[PDB]
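Participant: Can you keep this structure in mind? I'll have questions shortly.
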Number of protein chains: 2
Amino acid sequence: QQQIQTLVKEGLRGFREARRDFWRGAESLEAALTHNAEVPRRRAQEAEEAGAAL
Amino acid sequence: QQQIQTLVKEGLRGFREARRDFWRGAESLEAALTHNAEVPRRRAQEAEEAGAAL
């Protein structure tokens, strides 16, 4: 109960919080790499905002 | 015919060329201060295009 219940129970948790946050972090990047890029080639002020999002 | 006929006919001639050009230039600048200024406040690509025109 000390070691092995505790290691299952709350010893893997912040590793699993941080991992899921990291992958969220790339999901969010994946979407924001589309948001940067979907601006018309003639346009520049929308382009600097879209680049800023990224 | 030397002096007064010449002066009347073509002694004021380069001054008026120069005048009519200047007055065109300040007409074009008067409209272009307006072209520079009919840009919505949020916008940035129209605003930088407009500022080159001024």
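Every chain in the structure tokens takes a letter, A first, then B, and so on in the order presented; its residues are numbered from 1, and the ligands are numbered from 1 following the presented order.
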Once chain A has been least-squares superposed onto chain B, matching all their Cα atoms in order, can you return it as a PDB file with N, CA, C and O atoms, in the first residue's frame?

Facilitator:
ATOM      1  N   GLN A   1       9.989  95.262 -81.250  1.00  0.00           N
ATOM      2  CA  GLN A   1       9.876  93.842 -81.590  1.00  0.00           C
ATOM      3  C   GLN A   1      10.895  92.923 -80.959  1.00  0.00           C
ATOM      4  O   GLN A   1      10.536  91.832 -80.540  1.00  0.00           O
ATOM      5  N   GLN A   2      12.127  93.356 -80.805  1.00  0.00           N
ATOM      6  CA  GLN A   2      13.173  92.638 -80.115  1.00  0.00           C
ATOM      7  C   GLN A   2      12.971  92.249 -78.721  1.00  0.00           C
ATOM      8  O   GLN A   2      13.145  91.069 -78.379  1.00  0.00           O
ATOM      9  N   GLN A   3      12.693  93.303 -77.874  1.00  0.00           N
ATOM     10  CA  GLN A   3      12.700  93.254 -76.442  1.00  0.00           C
ATOM     11  C   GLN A   3      11.296  93.036 -76.002  1.00  0.00           C
ATOM     12  O   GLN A   3      11.091  92.126 -75.267  1.00  0.00           O
ATOM     13  N   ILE A   4      10.304  93.924 -76.354  1.00  0.00           N
ATOM     14  CA  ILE A   4       9.000  94.048 -75.726  1.00  0.00           C
ATOM     15  C   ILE A   4       8.013  92.996 -76.348  1.00  0.00           C
ATOM     16  O   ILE A   4       7.182  92.396 -75.598  1.00  0.00           O
ATOM     17  N   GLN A   5       8.089  92.732 -77.650  1.00  0.00           N
ATOM     18  CA  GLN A   5       7.331  91.622 -78.243  1.00  0.00           C
ATOM     19  C   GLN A   5       7.783  90.319 -77.814  1.00  0.00           C
ATOM     20  O   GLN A   5       7.030  89.424 -77.427  1.00  0.00           O
ATOM     21  N   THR A   6       9.125  90.125 -77.838  1.00  0.00           N
ATOM     22  CA  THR A   6       9.688  88.887 -77.241  1.00  0.00           C
ATOM     23  C   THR A   6       9.413  88.662 -75.821  1.00  0.00           C
ATOM     24  O   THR A   6       9.028  87.512 -75.533  1.00  0.00           O
ATOM     25  N   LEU A   7       9.487  89.669 -74.885  1.00  0.00           N
ATOM     26  CA  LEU A   7       9.163  89.517 -73.443  1.00  0.00           C
ATOM     27  C   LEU A   7       7.719  89.159 -73.318  1.00  0.00           C
ATOM     28  O   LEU A   7       7.448  88.155 -72.601  1.00  0.00           O
ATOM     29  N   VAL A   8       6.768  89.819 -73.939  1.00  0.00           N
ATOM     30  CA  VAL A   8       5.416  89.244 -73.893  1.00  0.00           C
ATOM     31  C   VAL A   8       5.249  87.822 -74.430  1.00  0.00           C
ATOM     32  O   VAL A   8       4.479  87.071 -73.866  1.00  0.00           O
ATOM     33  N   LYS A   9       5.857  87.522 -75.578  1.00  0.00           N
ATOM     34  CA  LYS A   9       5.695  86.349 -76.399  1.00  0.00           C
ATOM     35  C   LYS A   9       6.305  85.122 -75.718  1.00  0.00           C
ATOM     36  O   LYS A   9       5.650  84.057 -75.893  1.00  0.00           O
ATOM     37  N   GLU A  10       7.446  85.141 -75.052  1.00  0.00           N
ATOM     38  CA  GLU A  10       7.987  83.869 -74.677  1.00  0.00           C
ATOM     39  C   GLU A  10       8.915  84.081 -73.506  1.00  0.00           C
ATOM     40  O   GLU A  10       9.741  83.195 -73.121  1.00  0.00           O
ATOM     41  N   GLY A  11       8.715  85.220 -72.813  1.00  0.00           N
ATOM     42  CA  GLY A  11       9.644  85.577 -71.746  1.00  0.00           C
ATOM     43  C   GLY A  11       8.898  85.270 -70.445  1.00  0.00           C
ATOM     44  O   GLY A  11       9.617  85.190 -69.481  1.00  0.00           O
ATOM     45  N   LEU A  12       7.565  85.018 -70.442  1.00  0.00           N
ATOM     46  CA  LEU A  12       6.909  84.727 -69.245  1.00  0.00           C
ATOM     47  C   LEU A  12       6.500  83.258 -69.139  1.00  0.00           C
ATOM     48  O   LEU A  12       6.006  82.834 -68.108  1.00  0.00           O
ATOM     49  N   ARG A  13       6.851  82.485 -70.127  1.00  0.00           N
ATOM     50  CA  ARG A  13       6.300  81.193 -70.323  1.00  0.00           C
ATOM     51  C   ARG A  13       6.688  80.066 -69.402  1.00  0.00           C
ATOM     52  O   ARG A  13       5.837  79.269 -69.052  1.00  0.00           O
ATOM     53  N   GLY A  14       7.919  80.021 -69.022  1.00  0.00           N
ATOM     54  CA  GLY A  14       8.346  78.949 -68.174  1.00  0.00           C
ATOM     55  C   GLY A  14       8.055  79.223 -66.744  1.00  0.00           C
ATOM     56  O   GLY A  14       7.873  78.273 -66.000  1.00  0.00           O
ATOM     57  N   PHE A  15       8.000  80.519 -66.365  1.00  0.00           N
ATOM     58  CA  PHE A  15       7.410  80.947 -65.165  1.00  0.00           C
ATOM     59  C   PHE A  15       5.902  80.557 -65.060  1.00  0.00           C
ATOM     60  O   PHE A  15       5.417  79.974 -64.082  1.00  0.00           O
ATOM     61  N   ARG A  16       5.155  80.702 -66.196  1.00  0.00           N
ATOM     62  CA  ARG A  16       3.790  80.296 -66.178  1.00  0.00           C
ATOM     63  C   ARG A  16       3.584  78.755 -66.324  1.00  0.00           C
ATOM     64  O   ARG A  16       2.774  78.183 -65.559  1.00  0.00           O
ATOM     65  N   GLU A  17       4.333  77.950 -67.130  1.00  0.00           N
ATOM     66  CA  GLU A  17       4.451  76.494 -66.992  1.00  0.00           C
ATOM     67  C   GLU A  17       4.741  75.874 -65.611  1.00  0.00           C
ATOM     68  O   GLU A  17       4.017  75.035 -65.125  1.00  0.00           O
ATOM     69  N   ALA A  18       5.806  76.366 -64.971  1.00  0.00           N
ATOM     70  CA  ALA A  18       6.199  75.968 -63.634  1.00  0.00           C
ATOM     71  C   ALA A  18       5.136  76.358 -62.647  1.00  0.00           C
ATOM     72  O   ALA A  18       4.850  75.556 -61.805  1.00  0.00           O
ATOM     73  N   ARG A  19       4.532  77.573 -62.650  1.00  0.00           N
ATOM     74  CA  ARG A  19       3.447  77.983 -61.708  1.00  0.00           C
ATOM     75  C   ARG A  19       2.240  77.072 -61.793  1.00  0.00           C
ATOM     76  O   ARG A  19       1.776  76.576 -60.740  1.00  0.00           O
ATOM     77  N   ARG A  20       1.744  76.828 -62.986  1.00  0.00           N
ATOM     78  CA  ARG A  20       0.621  75.916 -63.238  1.00  0.00           C
ATOM     79  C   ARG A  20       0.975  74.456 -62.851  1.00  0.00           C
ATOM     80  O   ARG A  20       0.175  73.693 -62.310  1.00  0.00           O
ATOM     81  N   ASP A  21       2.176  74.007 -63.044  1.00  0.00           N
ATOM     82  CA  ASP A  21       2.628  72.715 -62.588  1.00  0.00           C
ATOM     83  C   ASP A  21       2.702  72.592 -61.082  1.00  0.00           C
ATOM     84  O   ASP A  21       2.176  71.666 -60.480  1.00  0.00           O
ATOM     85  N   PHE A  22       3.235  73.613 -60.399  1.00  0.00           N
ATOM     86  CA  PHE A  22       3.241  73.724 -58.957  1.00  0.00           C
ATOM     87  C   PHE A  22       1.841  73.614 -58.283  1.00  0.00           C
ATOM     88  O   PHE A  22       1.663  72.854 -57.335  1.00  0.00           O
ATOM     89  N   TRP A  23       0.822  74.354 -58.765  1.00  0.00           N
ATOM     90  CA  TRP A  23      -0.511  74.393 -58.342  1.00  0.00           C
ATOM     91  C   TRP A  23      -1.253  73.113 -58.661  1.00  0.00           C
ATOM     92  O   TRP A  23      -2.058  72.590 -57.825  1.00  0.00           O
ATOM     93  N   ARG A  24      -1.018  72.506 -59.835  1.00  0.00           N
ATOM     94  CA  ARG A  24      -1.364  71.145 -60.114  1.00  0.00           C
ATOM     95  C   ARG A  24      -0.799  70.184 -59.053  1.00  0.00           C
ATOM     96  O   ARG A  24      -1.504  69.267 -58.657  1.00  0.00           O
ATOM     97  N   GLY A  25       0.497  70.441 -58.686  1.00  0.00           N
ATOM     98  CA  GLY A  25       1.164  69.735 -57.660  1.00  0.00           C
ATOM     99  C   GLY A  25       0.527  69.742 -56.307  1.00  0.00           C
ATOM    100  O   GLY A  25       0.401  68.660 -55.663  1.00  0.00           O
ATOM    101  N   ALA A  26      -0.085  70.860 -55.885  1.00  0.00           N
ATOM    102  CA  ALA A  26      -0.905  70.900 -54.700  1.00  0.00           C
ATOM    103  C   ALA A  26      -2.335  70.400 -54.910  1.00  0.00           C
ATOM    104  O   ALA A  26      -2.928  69.927 -53.964  1.00  0.00           O
ATOM    105  N   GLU A  27      -2.907  70.426 -56.108  1.00  0.00           N
ATOM    106  CA  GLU A  27      -4.278  69.909 -56.368  1.00  0.00           C
ATOM    107  C   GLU A  27      -4.342  68.433 -56.141  1.00  0.00           C
ATOM    108  O   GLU A  27      -5.127  67.835 -55.447  1.00  0.00           O
ATOM    109  N   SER A  28      -3.259  67.838 -56.791  1.00  0.00           N
ATOM    110  CA  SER A  28      -2.855  66.423 -56.733  1.00  0.00           C
ATOM    111  C   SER A  28      -2.512  66.005 -55.320  1.00  0.00           C
ATOM    112  O   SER A  28      -2.838  64.942 -54.880  1.00  0.00           O
ATOM    113  N   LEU A  29      -1.825  66.864 -54.508  1.00  0.00           N
ATOM    114  CA  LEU A  29      -1.535  66.558 -53.136  1.00  0.00           C
ATOM    115  C   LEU A  29      -2.874  66.538 -52.348  1.00  0.00           C
ATOM    116  O   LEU A  29      -3.081  65.645 -51.520  1.00  0.00           O
ATOM    117  N   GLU A  30      -3.760  67.546 -52.662  1.00  0.00           N
ATOM    118  CA  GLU A  30      -5.025  67.716 -51.935  1.00  0.00           C
ATOM    119  C   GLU A  30      -5.874  66.504 -51.980  1.00  0.00           C
ATOM    120  O   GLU A  30      -6.372  65.867 -51.021  1.00  0.00           O
ATOM    121  N   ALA A  31      -5.991  65.871 -53.176  1.00  0.00           N
ATOM    122  CA  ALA A  31      -6.627  64.612 -53.492  1.00  0.00           C
ATOM    123  C   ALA A  31      -5.893  63.412 -52.816  1.00  0.00           C
ATOM    124  O   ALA A  31      -6.533  62.554 -52.216  1.00  0.00           O
ATOM    125  N   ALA A  32      -4.609  63.375 -52.867  1.00  0.00           N
ATOM    126  CA  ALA A  32      -3.811  62.315 -52.310  1.00  0.00           C
ATOM    127  C   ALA A  32      -3.679  62.314 -50.772  1.00  0.00           C
ATOM    128  O   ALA A  32      -3.426  61.294 -50.155  1.00  0.00           O
ATOM    129  N   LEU A  33      -3.850  63.466 -50.084  1.00  0.00           N
ATOM    130  CA  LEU A  33      -4.118  63.660 -48.671  1.00  0.00           C
ATOM    131  C   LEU A  33      -5.545  63.047 -48.299  1.00  0.00           C
ATOM    132  O   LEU A  33      -5.611  62.319 -47.328  1.00  0.00           O
ATOM    133  N   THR A  34      -6.621  63.200 -49.150  1.00  0.00           N
ATOM    134  CA  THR A  34      -7.814  62.402 -48.965  1.00  0.00           C
ATOM    135  C   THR A  34      -7.548  60.882 -49.187  1.00  0.00           C
ATOM    136  O   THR A  34      -7.878  60.044 -48.356  1.00  0.00           O
ATOM    137  N   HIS A  35      -6.807  60.512 -50.261  1.00  0.00           N
ATOM    138  CA  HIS A  35      -6.528  59.060 -50.537  1.00  0.00           C
ATOM    139  C   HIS A  35      -5.778  58.369 -49.377  1.00  0.00           C
ATOM    140  O   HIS A  35      -6.104  57.192 -49.021  1.00  0.00           O
ATOM    141  N   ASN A  36      -4.834  59.121 -48.739  1.00  0.00           N
ATOM    142  CA  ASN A  36      -4.114  58.527 -47.568  1.00  0.00           C
ATOM    143  C   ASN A  36      -4.991  58.222 -46.349  1.00  0.00           C
ATOM    144  O   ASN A  36      -4.573  57.481 -45.489  1.00  0.00           O
ATOM    145  N   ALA A  37      -6.119  58.927 -46.279  1.00  0.00           N
ATOM    146  CA  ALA A  37      -6.792  59.128 -45.030  1.00  0.00           C
ATOM    147  C   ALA A  37      -8.045  58.280 -45.012  1.00  0.00           C
ATOM    148  O   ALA A  37      -8.361  57.634 -43.963  1.00  0.00           O
ATOM    149  N   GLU A  38      -8.676  58.140 -46.164  1.00  0.00           N
ATOM    150  CA  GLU A  38      -9.729  57.201 -46.332  1.00  0.00           C
ATOM    151  C   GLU A  38      -9.341  55.684 -46.333  1.00  0.00           C
ATOM    152  O   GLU A  38      -9.622  54.929 -47.302  1.00  0.00           O
ATOM    153  N   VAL A  39      -8.796  55.201 -45.204  1.00  0.00           N
ATOM    154  CA  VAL A  39      -8.573  53.801 -44.916  1.00  0.00           C
ATOM    155  C   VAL A  39      -9.188  53.495 -43.597  1.00  0.00           C
ATOM    156  O   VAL A  39      -8.850  54.209 -42.667  1.00  0.00           O
ATOM    157  N   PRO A  40     -10.073  52.606 -43.295  1.00  0.00           N
ATOM    158  CA  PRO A  40     -10.547  52.091 -41.983  1.00  0.00           C
ATOM    159  C   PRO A  40      -9.592  51.977 -40.845  1.00  0.00           C
ATOM    160  O   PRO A  40      -8.533  51.401 -41.020  1.00  0.00           O
ATOM    161  N   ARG A  41      -9.952  52.561 -39.704  1.00  0.00           N
ATOM    162  CA  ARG A  41      -8.989  52.480 -38.581  1.00  0.00           C
ATOM    163  C   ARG A  41      -8.459  51.047 -38.118  1.00  0.00           C
ATOM    164  O   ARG A  41      -7.380  50.991 -37.657  1.00  0.00           O
ATOM    165  N   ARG A  42      -9.215  49.970 -38.261  1.00  0.00           N
ATOM    166  CA  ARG A  42      -8.753  48.627 -37.992  1.00  0.00           C
ATOM    167  C   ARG A  42      -7.621  48.166 -38.970  1.00  0.00           C
ATOM    168  O   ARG A  42      -6.632  47.489 -38.655  1.00  0.00           O
ATOM    169  N   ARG A  43      -7.601  48.590 -40.233  1.00  0.00           N
ATOM    170  CA  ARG A  43      -6.786  48.153 -41.352  1.00  0.00           C
ATOM    171  C   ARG A  43      -5.340  48.802 -41.388  1.00  0.00           C
ATOM    172  O   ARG A  43      -5.071  49.902 -40.958  1.00  0.00           O
ATOM    173  N   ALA A  44      -4.375  47.951 -41.844  1.00  0.00           N
ATOM    174  CA  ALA A  44      -2.924  48.346 -41.710  1.00  0.00           C
ATOM    175  C   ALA A  44      -2.209  48.162 -43.018  1.00  0.00           C
ATOM    176  O   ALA A  44      -1.238  48.853 -43.327  1.00  0.00           O
ATOM    177  N   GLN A  45      -2.525  47.180 -43.841  1.00  0.00           N
ATOM    178  CA  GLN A  45      -1.833  46.951 -45.097  1.00  0.00           C
ATOM    179  C   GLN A  45      -2.364  47.914 -46.153  1.00  0.00           C
ATOM    180  O   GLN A  45      -1.610  48.378 -46.972  1.00  0.00           O
ATOM    181  N   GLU A  46      -3.641  48.262 -46.183  1.00  0.00           N
ATOM    182  CA  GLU A  46      -4.167  49.269 -47.006  1.00  0.00           C
ATOM    183  C   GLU A  46      -3.726  50.653 -46.671  1.00  0.00           C
ATOM    184  O   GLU A  46      -3.480  51.469 -47.587  1.00  0.00           O
ATOM    185  N   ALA A  47      -3.575  50.855 -45.334  1.00  0.00           N
ATOM    186  CA  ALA A  47      -3.056  51.975 -44.619  1.00  0.00           C
ATOM    187  C   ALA A  47      -1.556  52.301 -45.014  1.00  0.00           C
ATOM    188  O   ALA A  47      -1.287  53.482 -45.286  1.00  0.00           O
ATOM    189  N   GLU A  48      -0.671  51.276 -45.156  1.00  0.00           N
ATOM    190  CA  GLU A  48       0.680  51.503 -45.566  1.00  0.00           C
ATOM    191  C   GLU A  48       0.822  51.844 -47.030  1.00  0.00           C
ATOM    192  O   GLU A  48       1.671  52.609 -47.480  1.00  0.00           O
ATOM    193  N   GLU A  49      -0.072  51.327 -47.902  1.00  0.00           N
ATOM    194  CA  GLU A  49      -0.278  51.759 -49.309  1.00  0.00           C
ATOM    195  C   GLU A  49      -0.835  53.109 -49.556  1.00  0.00           C
ATOM    196  O   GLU A  49      -0.351  53.836 -50.413  1.00  0.00           O
ATOM    197  N   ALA A  50      -1.862  53.459 -48.789  1.00  0.00           N
ATOM    198  CA  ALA A  50      -2.539  54.774 -48.752  1.00  0.00           C
ATOM    199  C   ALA A  50      -1.499  55.880 -48.271  1.00  0.00           C
ATOM    200  O   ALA A  50      -1.238  56.899 -48.906  1.00  0.00           O
ATOM    201  N   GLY A  51      -0.710  55.578 -47.169  1.00  0.00           N
ATOM    202  CA  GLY A  51       0.389  56.387 -46.765  1.00  0.00           C
ATOM    203  C   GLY A  51       1.500  56.517 -47.768  1.00  0.00           C
ATOM    204  O   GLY A  51       2.116  57.588 -47.829  1.00  0.00           O
ATOM    205  N   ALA A  52       1.730  55.506 -48.547  1.00  0.00           N
ATOM    206  CA  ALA A  52       2.722  55.451 -49.635  1.00  0.00           C
ATOM    207  C   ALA A  52       2.330  56.357 -50.841  1.00  0.00           C
ATOM    208  O   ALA A  52       3.125  57.074 -51.416  1.00  0.00           O
ATOM    209  N   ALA A  53       1.051  56.404 -51.133  1.00  0.00           N
ATOM    210  CA  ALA A  53       0.477  57.294 -52.163  1.00  0.00           C
ATOM    211  C   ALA A  53       0.781  58.760 -51.874  1.00  0.00           C
ATOM    212  O   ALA A  53       1.156  59.630 -52.673  1.00  0.00           O
ATOM    213  N   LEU A  54       0.602  59.113 -50.521  1.00  0.00           N
ATOM    214  CA  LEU A  54       0.862  60.415 -50.072  1.00  0.00           C
ATOM    215  C   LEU A  54       2.319  60.828 -50.185  1.00  0.00           C
ATOM    216  O   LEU A  54       2.763  61.902 -50.639  1.00  0.00           O
TER     217      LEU A  54
END

Participant: Could you tell me, as a PyMOL selection string, which residues of chain B DSSP assigns to helix (DSSP H, G or I) when given the backbone?

Facilitator: chain B and resi 4-10+13-35+45-53

Participant: Using only N, CA and C atoms, please write the residues we just selected to a file, as a tab-separated table (two decimals), in the first residue's frame.

Facilitator:
chain	number	residue	atom	x	y	z
B	4	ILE	N	9.88	94.30	-76.06
B	4	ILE	CA	8.56	94.20	-75.52
B	4	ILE	C	7.70	93.09	-76.17
B	5	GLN	N	7.84	92.95	-77.47
B	5	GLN	CA	7.24	91.90	-78.17
B	5	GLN	C	7.81	90.54	-77.78
B	6	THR	N	9.16	90.48	-77.69
B	6	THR	CA	9.77	89.27	-77.18
B	6	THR	C	9.38	88.85	-75.72
B	7	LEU	N	9.36	89.85	-74.77
B	7	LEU	CA	9.11	89.62	-73.38
B	7	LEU	C	7.63	89.11	-73.27
B	8	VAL	N	6.66	89.79	-73.87
B	8	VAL	CA	5.25	89.42	-73.86
B	8	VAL	C	5.03	87.99	-74.45
B	9	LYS	N	5.61	87.74	-75.63
B	9	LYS	CA	5.48	86.53	-76.40
B	9	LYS	C	6.15	85.29	-75.73
B	10	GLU	N	7.31	85.46	-75.10
B	10	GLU	CA	8.01	84.29	-74.60
B	10	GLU	C	9.02	84.57	-73.41
B	13	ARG	N	7.00	82.85	-70.19
B	13	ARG	CA	6.60	81.51	-70.71
B	13	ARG	C	7.01	80.29	-69.88
B	14	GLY	N	8.24	80.26	-69.32
B	14	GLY	CA	8.83	79.25	-68.44
B	14	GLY	C	8.38	79.44	-67.00
B	15	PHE	N	8.08	80.67	-66.58
B	15	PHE	CA	7.38	80.91	-65.34
B	15	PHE	C	5.97	80.29	-65.31
B	16	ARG	N	5.20	80.34	-66.39
B	16	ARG	CA	3.87	79.81	-66.40
B	16	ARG	C	3.79	78.30	-66.60
B	17	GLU	N	4.70	77.71	-67.44
B	17	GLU	CA	4.96	76.34	-67.42
B	17	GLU	C	5.16	75.80	-66.01
B	18	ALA	N	6.07	76.46	-65.27
B	18	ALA	CA	6.46	76.04	-63.96
B	18	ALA	C	5.22	76.14	-62.99
B	19	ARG	N	4.49	77.29	-63.11
B	19	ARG	CA	3.28	77.54	-62.31
B	19	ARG	C	2.20	76.56	-62.39
B	20	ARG	N	1.80	76.20	-63.62
B	20	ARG	CA	0.71	75.31	-63.96
B	20	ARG	C	1.07	73.87	-63.48
B	21	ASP	N	2.39	73.47	-63.56
B	21	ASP	CA	2.90	72.26	-63.03
B	21	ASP	C	2.83	72.20	-61.56
B	22	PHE	N	3.27	73.30	-60.85
B	22	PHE	CA	3.15	73.36	-59.43
B	22	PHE	C	1.71	73.23	-58.90
B	23	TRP	N	0.82	74.02	-59.55
B	23	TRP	CA	-0.57	73.98	-59.17
B	23	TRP	C	-1.23	72.61	-59.43
B	24	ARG	N	-0.89	71.93	-60.54
B	24	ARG	CA	-1.22	70.49	-60.63
B	24	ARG	C	-0.70	69.62	-59.55
B	25	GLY	N	0.56	69.74	-59.23
B	25	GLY	CA	1.11	69.00	-58.11
B	25	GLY	C	0.47	69.14	-56.76
B	26	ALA	N	-0.06	70.34	-56.39
B	26	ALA	CA	-0.77	70.63	-55.18
B	26	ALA	C	-2.24	70.29	-55.17
B	27	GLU	N	-2.80	70.17	-56.39
B	27	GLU	CA	-4.09	69.50	-56.55
B	27	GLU	C	-4.07	68.08	-56.30
B	28	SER	N	-3.08	67.36	-56.89
B	28	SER	CA	-2.85	65.98	-56.72
B	28	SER	C	-2.48	65.57	-55.28
B	29	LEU	N	-1.69	66.47	-54.56
B	29	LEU	CA	-1.45	66.34	-53.18
B	29	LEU	C	-2.65	66.62	-52.32
B	30	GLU	N	-3.47	67.57	-52.66
B	30	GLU	CA	-4.73	67.79	-51.91
B	30	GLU	C	-5.68	66.58	-51.94
B	31	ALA	N	-5.93	65.91	-53.06
B	31	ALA	CA	-6.68	64.67	-53.20
B	31	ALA	C	-5.97	63.45	-52.52
B	32	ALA	N	-4.63	63.41	-52.71
B	32	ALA	CA	-3.93	62.31	-52.11
B	32	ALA	C	-3.80	62.36	-50.55
B	33	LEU	N	-3.81	63.52	-49.89
B	33	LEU	CA	-3.96	63.62	-48.39
B	33	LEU	C	-5.32	63.02	-48.05
B	34	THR	N	-6.39	63.30	-48.87
B	34	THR	CA	-7.69	62.60	-48.73
B	34	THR	C	-7.70	61.04	-48.95
B	35	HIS	N	-6.96	60.55	-50.01
B	35	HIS	CA	-6.73	59.12	-50.33
B	35	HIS	C	-6.01	58.39	-49.25
B	45	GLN	N	-3.00	46.89	-44.00
B	45	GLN	CA	-2.43	46.78	-45.31
B	45	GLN	C	-2.90	47.86	-46.20
B	46	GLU	N	-4.18	48.37	-46.13
B	46	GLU	CA	-4.68	49.51	-46.84
B	46	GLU	C	-3.98	50.78	-46.39
B	47	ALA	N	-3.73	50.96	-45.08
B	47	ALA	CA	-3.05	52.06	-44.36
B	47	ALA	C	-1.56	52.32	-44.74
B	48	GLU	N	-0.89	51.21	-44.96
B	48	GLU	CA	0.53	51.28	-45.45
B	48	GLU	C	0.57	51.54	-46.94
B	49	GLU	N	-0.37	51.06	-47.75
B	49	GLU	CA	-0.50	51.34	-49.15
B	49	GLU	C	-0.88	52.83	-49.40
B	50	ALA	N	-1.84	53.27	-48.54
B	50	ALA	CA	-2.34	54.62	-48.54
B	50	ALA	C	-1.19	55.61	-48.16
B	51	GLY	N	-0.37	55.36	-47.15
B	51	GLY	CA	0.70	56.21	-46.67
B	51	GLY	C	1.85	56.41	-47.73
B	52	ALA	N	2.12	55.46	-48.62
B	52	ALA	CA	3.02	55.56	-49.76
B	52	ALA	C	2.51	56.63	-50.82
B	53	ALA	N	1.24	56.65	-51.06
B	53	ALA	CA	0.46	57.62	-51.88
B	53	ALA	C	0.52	59.08	-51.48
